[PDB]
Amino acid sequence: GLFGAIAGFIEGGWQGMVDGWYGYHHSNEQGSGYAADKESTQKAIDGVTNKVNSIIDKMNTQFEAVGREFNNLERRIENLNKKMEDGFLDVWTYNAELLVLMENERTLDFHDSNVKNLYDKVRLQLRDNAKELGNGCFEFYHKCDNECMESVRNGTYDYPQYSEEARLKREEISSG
C-alpha cells in the first residue's frame, strides 16, 4: 500500500500464521515455523477496536425522523417537512458511507505500516551479520539457533556475540 509492505515486497500472506496479524517465519538448522509478534498485533487490536467504537459513538448523535400529518391546504409545509427529514437522511447516510470508506483505507494502511515497521526493526537489529534478500526475509551469515531466533523476535538480539562470528563468515563470502 502506502508503505509497500503488504502486497508489495511481501507478496503473500501466511495461512499457517494463526496467533497474530504480524509476525515472523524462522527456518534454522533445527526447524522451521511461524511465530507472531504479540506486541504489534495487540497494539493494532486496541487501535482498531477503539476506532470502531469511536466511529459508532460519533454516529450515535444522528437525526431521528418523526411522523406528522398535513391537510390538503398545507402542501408547502408538508413539502418542507419531507425535504428536511430526507435531507438530514441524505447528509447522514453520506457521512456514514464516506467515513467508512476513509477509515477503512486508513485501517488497511495502518496494517501496512505495522508490517513495514517490524521489518525495518529487525533489519536494524540484524546488521552486516544478515543479508537482505528482498522478499521480506533475511539470511543470517552466522547460523541463528532457536534461542538466537527469539532474540531477534523479542528484540534482545545480542549482536556483538554473533558480530565476530558473522564478520568472519562474511570474510569467506567476500573472498568467494
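Sequential numbering from 1, following the sequence displayed.
### Query
Taking only the CA atoms, which stretch has the higher mean B-factor in the record, 9-17 or 150-158?
The recorded data point to 150-158.
### Query
Which has higher Cα B-factors on average according to the PDB entry: 21-29 or 163-171?
According to the entry, 163-171 carries the higher average C-alpha B-factor.
### Task
Have a look at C137, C144, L108, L118 and flag the one whose Cα has the highest B-factor in the entry.
The listed residue with the largest C-alpha B-factor is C144.
### Query
Whose C-alpha has the highest temperature factor in the PDB entry: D46, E69, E64, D112?
So the option with the highest C-alpha B-factor is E64.
### Query
How does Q125 rank on Cα B-factor within its chain, lowest, middle or highest third?
Answer is highest: the recorded C-alpha B-factor places it there.
### Query
Sorting the chain's CA B-factors, does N53 end up in the lowest, middle or highest third?
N53: CA B-factor falls in the lowest third of its chain.
### Message
Based on the deposited C-alpha B factors for this chain, I'd like to know if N60 is in the lowest, middle or highest third.
### Response
Answer is highest: the recorded C-alpha B-factor places it there.
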